[PDB]
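One structure is given below, encoded as structure tokens.
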Amino acid sequence: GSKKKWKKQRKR
Amino acid sequence: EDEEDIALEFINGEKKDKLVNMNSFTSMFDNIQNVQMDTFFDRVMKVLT
Amino acid sequence: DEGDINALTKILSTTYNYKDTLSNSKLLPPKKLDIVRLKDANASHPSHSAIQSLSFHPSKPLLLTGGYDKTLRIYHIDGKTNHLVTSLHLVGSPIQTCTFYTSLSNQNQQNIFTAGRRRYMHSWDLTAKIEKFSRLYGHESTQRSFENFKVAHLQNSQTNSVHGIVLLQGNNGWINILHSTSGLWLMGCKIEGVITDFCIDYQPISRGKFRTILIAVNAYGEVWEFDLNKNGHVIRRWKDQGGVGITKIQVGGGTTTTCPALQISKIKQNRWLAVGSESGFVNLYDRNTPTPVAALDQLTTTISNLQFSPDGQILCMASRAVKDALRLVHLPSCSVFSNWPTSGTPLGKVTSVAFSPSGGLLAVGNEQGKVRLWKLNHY
Amino acid sequence: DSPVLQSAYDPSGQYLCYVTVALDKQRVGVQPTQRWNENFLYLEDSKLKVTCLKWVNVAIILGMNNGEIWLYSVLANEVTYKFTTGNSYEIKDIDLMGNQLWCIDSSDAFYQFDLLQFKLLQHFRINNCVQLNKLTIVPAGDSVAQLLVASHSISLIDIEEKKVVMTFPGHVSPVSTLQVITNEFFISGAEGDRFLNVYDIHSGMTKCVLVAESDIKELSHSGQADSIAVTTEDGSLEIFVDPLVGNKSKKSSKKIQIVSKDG
Amino acid sequence: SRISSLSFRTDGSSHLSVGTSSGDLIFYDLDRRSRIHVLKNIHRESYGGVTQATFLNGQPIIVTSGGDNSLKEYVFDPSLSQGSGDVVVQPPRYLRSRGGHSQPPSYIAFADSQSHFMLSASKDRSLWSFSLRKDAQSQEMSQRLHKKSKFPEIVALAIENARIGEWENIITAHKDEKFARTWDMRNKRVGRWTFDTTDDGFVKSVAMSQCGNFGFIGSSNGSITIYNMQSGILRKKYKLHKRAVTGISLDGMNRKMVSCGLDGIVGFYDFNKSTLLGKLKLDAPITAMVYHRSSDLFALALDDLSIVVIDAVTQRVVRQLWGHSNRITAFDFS
Amino acid sequence: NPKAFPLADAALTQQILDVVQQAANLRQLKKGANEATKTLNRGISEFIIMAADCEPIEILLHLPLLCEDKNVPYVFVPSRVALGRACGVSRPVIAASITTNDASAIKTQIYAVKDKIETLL
Amino acid sequence: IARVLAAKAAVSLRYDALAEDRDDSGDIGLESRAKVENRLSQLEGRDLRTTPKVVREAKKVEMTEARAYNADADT
Amino acid sequence: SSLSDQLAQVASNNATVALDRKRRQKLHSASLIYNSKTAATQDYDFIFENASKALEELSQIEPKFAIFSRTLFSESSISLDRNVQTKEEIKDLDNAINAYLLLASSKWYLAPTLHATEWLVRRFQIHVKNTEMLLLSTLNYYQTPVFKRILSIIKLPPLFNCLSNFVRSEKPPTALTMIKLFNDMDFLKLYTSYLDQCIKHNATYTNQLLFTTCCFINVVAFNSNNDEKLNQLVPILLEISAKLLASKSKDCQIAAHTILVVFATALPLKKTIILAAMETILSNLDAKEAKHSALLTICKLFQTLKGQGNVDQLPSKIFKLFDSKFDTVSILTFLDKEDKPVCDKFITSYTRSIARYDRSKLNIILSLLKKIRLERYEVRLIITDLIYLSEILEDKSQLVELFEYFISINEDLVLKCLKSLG
Amino acid sequence: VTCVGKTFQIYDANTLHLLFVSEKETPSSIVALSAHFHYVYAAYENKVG
RNA sequence: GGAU
């Protein structure tokens, strides 16, 4: 995952 | 009436058509044995349509 | 060695060029965009804040920028120098939105409307001749700020006169309609749920007659349609399919804020409707319950901007959450262009986009205050 | 860089015609120097650009990249006529004396036109002229008997002979100005060049090399070699007093600048 | 289309080569009445396209030339099919070529002490390396950038060979452009360092120290910025001239540095201590400068059509030369 | 869709579509029927949300039988494209489940919405 | 295939076991069967082993004499 | 050239000489019926005996196989060695082998063909010399076990290097690996010649065309992105399509109806190429099944045309061809069916052709417009020309009825056309 | 044999290494070049060398 | 597009 805490990223 | 309005109406009038991608016709090989080839042209048209 | 079935063998033999020339081609190719960059507008005079809003002049070659610097920096865009004709600082008036306006009847009239997180709105006619709209005439409760607004044209049918109207967002589903010049409160439109965005489309009736319809959408995605020529009565109701957390709505293919008209006959109806949202889909509807023609799923963050080309062939959607979250879609094929943007294309955190009324310019502002310009060679 | 791509005063000097760019379309306008006009010709095609601009004694001749010449009446705000050369290369230079109108294209071809009759009289190409970015017509009597043509060096061509007469060694850079100050004395300059060389037509020797502080963009001559005004690229104007009277190289005597009150 | 050349191949297989002014070369297998292949834009259309193209007598190689100062070779390889080889023609393959600038060179420099190569820049925005020997060997120096159209054509450049093979050894200047690009002869590829004037002015002068380590950039606003070749980090700036600087040199000793500009003064410096040793004013502004390190003499091209020779050791004019009837375009020491 | 009972109304849909998005953000949501099936086996679900418009509807009608046996509230929503959208997927979702976590930051809203659901039931 | 077939197997079953007015036709199984079969065609079509490229070796070509007609005979 | 490289050519030239026992084992062990060990033990006489019986069975199914009994499957052929023959005789031998592969093209599913080919493999070593022709012919029997056996005993030419993976492999060549073979430019035109031979001989059969059609159709899909490459496909494939149209076989013509459509959607072409595309389609169009496929073809092509002249009238010659091969009643039936493909541009081009060329057909134009909804601009262009008809041609009940039809639908546009034109 | 302004150069086709160059520059630019064994005929103005 |  993005894991900025998870960044708000749409799962394509 | 002006020619650019005529052009913009040409632009309005055009409709979408489904583009052909790489994996549009791969399944044709799967059903390629013992098929009438007129029905093959029909199937190609369907996937194109 | 020394019809007609062999026609193909002959025409193939004659030419080694079989691609139809796109110079005659009038709508842009589906997947290839012929785009070339030009120098940024603000190099002459940089902005000290982000570019919250951007607007091209309907006819003159001018570009207007505004932001939290509180200045209306207007630039003469030529594509090679881009000098600053003038600016206008408004102390205590942060700029969230600004726009050009030209009276649809009196072409000589030019005005600038700019607003922010304040209970007043600035008008600048064309020393600076400026006007502050700060009276709502008893509807102060419904409105907390003028920050989000747009300007449209309303035709008074019983007199056949046409004038501008300033549209505002209320606290709870309210939309306040004000007179562009006098500032008088004319009508009000209300919806259920929190108002998130609204947009304007024009439906011509006959020679010299047109009606303005207000398109308003809730975050849940239910869309209302009000007729502003009939005291703002609802005329239609429908829902956006698969719509949740909606953020923006826009129409394209005809007259709008980005592509204003110069005379009544130029009023045209928009054939396209796009609905933005938090998760990043953009449902496109053919205005000609509905069903979306396509559900674009590229940008992975909240849609902060939606805009259609003056001819409605390109839909541009941007997100301020992340950098380079900017895409261009070919219409009606609904296919995103691949060649542009690239990894090396400088966009930053996109916050403002503007299309020139003619000439095929793309202008994009970012959080760093940089308005980068591009040319679409097809136009 | 400046917004005005090209500019030109009228021979009487009371009106200035300038071309700029609005969006992707070039617009040509005229303003009164002695003292606002909102009327501009707008070129409807982006690809069409103006390469050259002349006043005629109230119309202006504008050479296009399309390969044709537009005669534009400022008052009517419309193009009255278009002299179309058969060939499509951009016009590099063009000059006028009464009815005679001589042009050159990127194909290095001279052509002759008549304003009164609206016809292409003759067209020809001369050897030893690979490039020709400047054409000027010598003021001899009431007819044209020689042409002064320059791209890098300078050359003199005879109309009836169709052959070169003399060659003057020009600047390394392409020539930018080729005005004829007086008889047997003409000035020559180049882009990215700070000197202007005075050449004698009859003899062919450099009389003087006038020195400017910075690069020269435009040149104006007063009377008959009385004074020369040159607009520098840095934005300053240099005036040369009696340049035709150490002696080889002369510098500007008076310099003019414009600065706002703020600075 | 417009035919410019024709030629038959005499190696026993059935082709015609037609060249055109647009720069294309088409091969027609005229027994089979079919087109084999087309080579697109081999020669520039602006310079006449394909002026001449002929097959060698009895062999599959074809020579091509044009007005763009280039001569190419193409070879037709044997068929890849064991049968029906006439059908299966390999498309022609580039074999080897010579070329040069398409426009007159703007500046020239000697690559090495042995005098075996030449660095040439032209208005065509290309930097080329030419061999002087019978090999006639030449290349265009690659412009593909390092990652940390052609660049504008070069106005000035300096080269040193003390540190060839360790890092960048060449510097160039561009018109209407505010930083200097580095170039590496051994790699024949663009350098990874860019040197800016830091005073909002265009680059007018470029120079190097004999050790091959320092680079000196002269700005149009009168500032001198000194960078280091290996890391491309600015170390020193000197600010004496108010007008454009037209010449920078450091003596072979790396102790006394000389500068000149369009303000007409000549600046004498101590590079080690970074002090102003002296200032000399000339009657006319200076146009160009060349420094002789062995003798410590440098000549200056003045706008009064004179070459003024100065000695840095005592800081005086030693020789003045007259006779030129116009600008001095260039000059050098023996 | 007669088998779909009870079906949430337009207003009731809004807050349940509101909660799932927050639960989707906070890693408090499951997406898919079989996971919605499996979570009931663990008994770690506040309530299960299904789509009435799924074709065939029998695919998800098994969960109400599990939910009734386990005394787990459940509700039906008209549109599946909205649920998967609010769940935060690029595909339609016919069923979803929320994690039982008394330490969650959106606990009250989750408590608030179920209170409507057993009333719905 | 075990995972996708199991997923589709559950899909058909929840219709078979729990449909009030099921038609005894197996249609949902038939369309579900097609979807799995399409999966195997694309999955089986995938080639783990990398395809080799068509080798095109450049080759050194050496120059050879060729007899030519002489124009002196014409003169 | 290196001595090793020169020496390699010597080995290839003498690949079949059988200098010693070890080479002879490799040649003779190669078999299509039997394994290597049993193959080494078998005799030319034993192989010929089975092959002669096999050919007779093939002769019964098709008489043309009987000819090779006089030439290739003769008793004297046992004593015939190719190494001992001269250049002219070897060229003479090879072509006779080639024709046999062509006549066997539709029959490898039959077992006797496999037996008959064994004699050629064992006696003539076709797997070594005629390696291309054998392998081109068996391209569409790929999933059959026979093709796998061919790969094991055959040295792949340079153009078939992609099949080197599947030689002596448990899994047969996948469909995906094929596109790569035909994706190669050098192969397509190599394949073009072999197909060009079959059409000349009328030896093409359905399974050849249907396999042939897909792969080229697939090459288009894989490379839709690369516009430059698609441009280089046009000389080869549109030439192939022209040949198949030239064939009298209805199957070939429709196979060309398959090929040309996919390029049209993948890559838009010049209008002139398409009008030529119409003419060759209609020139040799005789079969009813080809008639139906062609009529869908012409409409789809006219959808791809996208330039000024998109809906302009067909030329005189093409208009006359289309009505002759497609009487107007047929296209009415084409328009009646609800599942009709989008053909508004073609009907607009056709409609304008009618007005310019035929006056009797105006009243049918009224019927066409009702059946199919044309686009706004298509409607106006028809109105634009119809206005000219009134000025030039005499007023007619049908002619005014077309106007009255435009009066009923979208009245104000008729004024706009009249306003711009008189 | 290639013309270079007022002079010509001879390159060996096998390696395109230059072999010979003109001893002196012609008074006028060369218009045509004809090569015959060891002799190359160069035409300039009204003189052929 | 970038590294390779």
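Naming works like this for the structure tokens: A, B, ... for the chains as they're shown, residue 1 at the start of each chain, ligands 1 onward in shown order.
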Nearby residues (only C-alpha atoms (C1' of nucleotides)) at most 6 Å from range 63-70 of chain D, same-chain spacing under 3 positions excluded, as a tab-separated table (two decimals) with N, CA and C atoms, in the first residue's frame:
chain	number	residue	atom	x	y	z
D	49	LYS	N	1.64	34.23	-40.90
D	49	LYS	CA	2.37	35.28	-40.20
D	49	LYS	C	2.78	36.36	-41.19
D	50	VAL	N	3.03	37.56	-40.67
D	50	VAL	CA	3.52	38.68	-41.46
D	50	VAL	C	5.03	38.72	-41.33
D	51	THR	N	5.72	38.85	-42.47
D	51	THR	CA	7.18	38.93	-42.48
D	51	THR	C	7.69	40.35	-42.69
D	52	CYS	N	6.90	41.24	-43.30
D	52	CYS	CA	7.37	42.56	-43.69
D	52	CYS	C	6.19	43.53	-43.74
D	82	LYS	N	-4.81	41.20	-53.01
D	82	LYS	CA	-3.73	40.28	-52.68
D	82	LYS	C	-2.97	39.94	-53.96
D	83	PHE	N	-1.71	40.34	-54.01
D	83	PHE	CA	-0.80	39.94	-55.08
D	83	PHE	C	-0.23	38.58	-54.72
D	84	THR	N	-0.68	37.54	-55.43
D	84	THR	CA	-0.26	36.18	-55.15
D	84	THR	C	0.83	35.78	-56.13
D	85	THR	N	2.02	35.51	-55.61
D	85	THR	CA	3.05	34.89	-56.43
D	85	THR	C	2.66	33.44	-56.69
D	88	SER	N	5.02	29.41	-53.34
D	88	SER	CA	4.47	29.43	-51.99
D	88	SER	C	5.48	29.76	-50.90
D	89	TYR	N	6.74	29.99	-51.23
D	89	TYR	CA	7.71	30.34	-50.20
D	89	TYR	C	7.48	31.73	-49.62
D	90	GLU	N	7.84	31.87	-48.35
D	90	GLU	CA	7.61	33.11	-47.62
D	90	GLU	C	8.38	34.26	-48.26
D	91	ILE	N	7.78	35.45	-48.21
D	91	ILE	CA	8.43	36.66	-48.71
D	91	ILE	C	9.45	37.12	-47.69
Tell me, as a list in words, which residues lie within 8 Å of range 115-122 of chain D, counting only C-alpha atoms (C1' of nucleotides); anything in the same chain fewer than 2 positions away does not count.
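Contacts, in chain order: residues 83, 85, 99, 100, 101, 111, 112, 113 and 124 of chain D.
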Residue 12 in chain A environment, 9 Å, only C-alpha atoms (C1' of nucleotides), sequence neighbours closer than 6 positions dropped, as a PyMOL selection string
(chain C and resi 297-298+300) or (chain F and resi 89-90)
Residues at most 8 Å from range 219-228 of chain C, counting only C-alpha atoms (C1' of nucleotides), excluding those fewer than 6 positions away in the same chain, as a PDB file with N, CA, C and O atoms, in the first residue's frame?
ATOM      1  N   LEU C 154     -29.387  35.507 -17.968  1.00  0.00           N
ATOM      2  CA  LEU C 154     -30.813  35.270 -17.787  1.00  0.00           C
ATOM      3  C   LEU C 154     -31.585  36.172 -18.740  1.00  0.00           C
ATOM      4  O   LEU C 154     -31.326  37.379 -18.804  1.00  0.00           O
ATOM      5  N   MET C 187     -34.071  35.406  -7.113  1.00  0.00           N
ATOM      6  CA  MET C 187     -34.721  34.136  -6.812  1.00  0.00           C
ATOM      7  C   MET C 187     -33.770  33.291  -5.976  1.00  0.00           C
ATOM      8  O   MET C 187     -32.578  33.585  -5.866  1.00  0.00           O
ATOM      9  N   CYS C 189     -32.957  28.950  -4.933  1.00  0.00           N
ATOM     10  CA  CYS C 189     -33.185  27.536  -5.194  1.00  0.00           C
ATOM     11  C   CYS C 189     -32.590  26.707  -4.065  1.00  0.00           C
ATOM     12  O   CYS C 189     -31.464  26.957  -3.624  1.00  0.00           O
ATOM     13  N   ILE C 191     -32.132  22.626  -2.302  1.00  0.00           N
ATOM     14  CA  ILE C 191     -32.098  21.186  -2.515  1.00  0.00           C
ATOM     15  C   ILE C 191     -31.934  20.494  -1.168  1.00  0.00           C
ATOM     16  O   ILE C 191     -31.530  21.102  -0.174  1.00  0.00           O
ATOM     17  N   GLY C 193     -29.994  17.819   1.252  1.00  0.00           N
ATOM     18  CA  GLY C 193     -28.593  17.493   1.414  1.00  0.00           C
ATOM     19  C   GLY C 193     -27.710  18.714   1.268  1.00  0.00           C
ATOM     20  O   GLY C 193     -28.160  19.841   1.039  1.00  0.00           O
ATOM     21  N   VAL C 194     -26.410  18.477   1.408  1.00  0.00           N
ATOM     22  CA  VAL C 194     -25.424  19.547   1.309  1.00  0.00           C
ATOM     23  C   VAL C 194     -25.156  19.833  -0.165  1.00  0.00           C
ATOM     24  O   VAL C 194     -24.825  18.925  -0.935  1.00  0.00           O
ATOM     25  N   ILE C 195     -25.314  21.095  -0.564  1.00  0.00           N
ATOM     26  CA  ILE C 195     -24.956  21.494  -1.919  1.00  0.00           C
ATOM     27  C   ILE C 195     -23.445  21.410  -2.073  1.00  0.00           C
ATOM     28  O   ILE C 195     -22.688  21.942  -1.249  1.00  0.00           O
ATOM     29  N   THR C 196     -22.999  20.726  -3.123  1.00  0.00           N
ATOM     30  CA  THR C 196     -21.580  20.546  -3.398  1.00  0.00           C
ATOM     31  C   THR C 196     -21.122  21.312  -4.630  1.00  0.00           C
ATOM     32  O   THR C 196     -20.060  21.941  -4.606  1.00  0.00           O
ATOM     33  N   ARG C 211     -33.627  29.790 -22.696  1.00  0.00           N
ATOM     34  CA  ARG C 211     -33.908  29.576 -21.284  1.00  0.00           C
ATOM     35  C   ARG C 211     -32.661  29.055 -20.582  1.00  0.00           C
ATOM     36  O   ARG C 211     -31.880  28.297 -21.165  1.00  0.00           O
ATOM     37  N   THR C 212     -32.483  29.466 -19.330  1.00  0.00           N
ATOM     38  CA  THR C 212     -31.361  29.042 -18.503  1.00  0.00           C
ATOM     39  C   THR C 212     -31.864  28.075 -17.440  1.00  0.00           C
ATOM     40  O   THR C 212     -32.834  28.374 -16.734  1.00  0.00           O
ATOM     41  N   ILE C 213     -31.206  26.923 -17.329  1.00  0.00           N
ATOM     42  CA  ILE C 213     -31.569  25.882 -16.373  1.00  0.00           C
ATOM     43  C   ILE C 213     -30.413  25.703 -15.400  1.00  0.00           C
ATOM     44  O   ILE C 213     -29.254  25.584 -15.816  1.00  0.00           O
ATOM     45  N   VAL C 234     -38.522  23.564 -10.117  1.00  0.00           N
ATOM     46  CA  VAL C 234     -37.911  22.319 -10.560  1.00  0.00           C
ATOM     47  C   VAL C 234     -38.615  21.842 -11.821  1.00  0.00           C
ATOM     48  O   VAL C 234     -39.847  21.902 -11.925  1.00  0.00           O
ATOM     49  N   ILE C 235     -37.832  21.376 -12.790  1.00  0.00           N
ATOM     50  CA  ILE C 235     -38.376  20.836 -14.028  1.00  0.00           C
ATOM     51  C   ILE C 235     -38.021  19.371 -14.246  1.00  0.00           C
ATOM     52  O   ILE C 235     -38.647  18.721 -15.101  1.00  0.00           O
ATOM     53  N   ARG C 236     -37.052  18.819 -13.519  1.00  0.00           N
ATOM     54  CA  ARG C 236     -36.642  17.434 -13.705  1.00  0.00           C
ATOM     55  C   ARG C 236     -35.959  16.944 -12.436  1.00  0.00           C
ATOM     56  O   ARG C 236     -35.489  17.750 -11.628  1.00  0.00           O
ATOM     57  N   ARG C 237     -35.923  15.623 -12.260  1.00  0.00           N
ATOM     58  CA  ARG C 237     -35.183  14.991 -11.175  1.00  0.00           C
ATOM     59  C   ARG C 237     -34.601  13.672 -11.669  1.00  0.00           C
ATOM     60  O   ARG C 237     -35.298  12.891 -12.324  1.00  0.00           O
ATOM     61  N   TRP C 238     -33.328  13.432 -11.356  1.00  0.00           N
ATOM     62  CA  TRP C 238     -32.680  12.164 -11.670  1.00  0.00           C
ATOM     63  C   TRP C 238     -31.434  12.020 -10.801  1.00  0.00           C
ATOM     64  O   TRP C 238     -30.966  12.983 -10.189  1.00  0.00           O
ATOM     65  N   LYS C 239     -30.902  10.796 -10.752  1.00  0.00           N
ATOM     66  CA  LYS C 239     -29.747  10.458  -9.930  1.00  0.00           C
ATOM     67  C   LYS C 239     -28.565  10.024 -10.788  1.00  0.00           C
ATOM     68  O   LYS C 239     -28.730   9.395 -11.838  1.00  0.00           O
ATOM     69  N   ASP C 240     -27.365  10.357 -10.314  1.00  0.00           N
ATOM     70  CA  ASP C 240     -26.127   9.859 -10.901  1.00  0.00           C
ATOM     71  C   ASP C 240     -25.901   8.419 -10.452  1.00  0.00           C
ATOM     72  O   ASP C 240     -25.862   8.137  -9.249  1.00  0.00           O
ATOM     73  N   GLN C 241     -25.750   7.512 -11.414  1.00  0.00           N
ATOM     74  CA  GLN C 241     -25.632   6.094 -11.096  1.00  0.00           C
ATOM     75  C   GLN C 241     -24.256   5.787 -10.519  1.00  0.00           C
ATOM     76  O   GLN C 241     -23.230   6.196 -11.071  1.00  0.00           O
ATOM     77  N   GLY C 243     -23.088   7.058  -7.895  1.00  0.00           N
ATOM     78  CA  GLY C 243     -22.526   8.290  -7.379  1.00  0.00           C
ATOM     79  C   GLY C 243     -22.622   8.361  -5.869  1.00  0.00           C
ATOM     80  O   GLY C 243     -23.712   8.259  -5.300  1.00  0.00           O
ATOM     81  N   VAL C 244     -21.471   8.521  -5.223  1.00  0.00           N
ATOM     82  CA  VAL C 244     -21.408   8.774  -3.786  1.00  0.00           C
ATOM     83  C   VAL C 244     -20.236   9.711  -3.539  1.00  0.00           C
ATOM     84  O   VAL C 244     -19.196   9.610  -4.197  1.00  0.00           O
ATOM     85  N   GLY C 245     -20.407  10.621  -2.587  1.00  0.00           N
ATOM     86  CA  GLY C 245     -19.369  11.601  -2.313  1.00  0.00           C
ATOM     87  C   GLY C 245     -19.057  12.485  -3.500  1.00  0.00           C
ATOM     88  O   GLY C 245     -17.883  12.757  -3.781  1.00  0.00           O
ATOM     89  N   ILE C 246     -20.092  12.938  -4.213  1.00  0.00           N
ATOM     90  CA  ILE C 246     -19.884  13.790  -5.376  1.00  0.00           C
ATOM     91  C   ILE C 246     -19.199  15.080  -4.951  1.00  0.00           C
ATOM     92  O   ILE C 246     -19.381  15.564  -3.827  1.00  0.00           O
ATOM     93  N   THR C 247     -18.387  15.635  -5.855  1.00  0.00           N
ATOM     94  CA  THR C 247     -17.620  16.847  -5.596  1.00  0.00           C
ATOM     95  C   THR C 247     -17.816  17.949  -6.626  1.00  0.00           C
ATOM     96  O   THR C 247     -17.743  19.124  -6.259  1.00  0.00           O
TER      97      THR C 247
ATOM     98  N   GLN F  14     -28.279   7.014   3.010  1.00  0.00           N
ATOM     99  CA  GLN F  14     -27.206   8.005   2.997  1.00  0.00           C
ATOM    100  C   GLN F  14     -26.218   7.781   4.134  1.00  0.00           C
ATOM    101  O   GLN F  14     -25.001   7.797   3.914  1.00  0.00           O
TER     102      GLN F  14
END
Excluding residue 8 in chain I and any residue of its chain fewer than 2 positions from it, enumerate the residues within 12 Å of it, using only C-alpha atoms (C1' of nucleotides), and give them as a ChimeraX atom specification.
/I:1-6,10-11,18-26,29-35,40-44,49
Within chain G, find each residue whose DSSP state, derived from the backbone, is alpha helix (DSSP H), and express the selection as a VMD selection string.
chain G and resid 2 to 18 27 to 45
Selection: 8 Å around residue 260 in chain H, only C-alpha atoms (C1' of nucleotides), excl. self and same-chain fewer than 4 positions, as a list in words:
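The contact residues come out as residues 238, 241, 256 and 264 of chain H.
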Find the residues around range 40-43 of chain D up to 10 Å (only C-alpha atoms (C1' of nucleotides) counted), leave out those fewer than 5 positions away in its own chain, and share them as a ChimeraX atom specification.
/D:18-22,24-30,48-50,72,74,77-79
Go through E:219, E:287, E:197, E:22 one by one, measure the shortest atom-to-atom distance of each to chain D using only C-alpha atoms, and give the residue with the smallest value.
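Of the candidates, the smallest distance to chain D is held by E:287.
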Which is closer to chain F than all the others in C:174, C:101, C:340, C:281, using only C-alpha atoms?
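Using only C-alpha atoms, chain F sits closest to C:281.
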Can you work out the spacing between CA of residue 27 in chain B and CA of residue 41 in chain G in Å, to one decimal?
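Separation of CA of residue 27 in chain B and CA of residue 41 in chain G: 7.6 Å.
Note that the spacing between CA of residue 198 in chain C and CA of residue 296 in chain C amounts to 20.5 Å.
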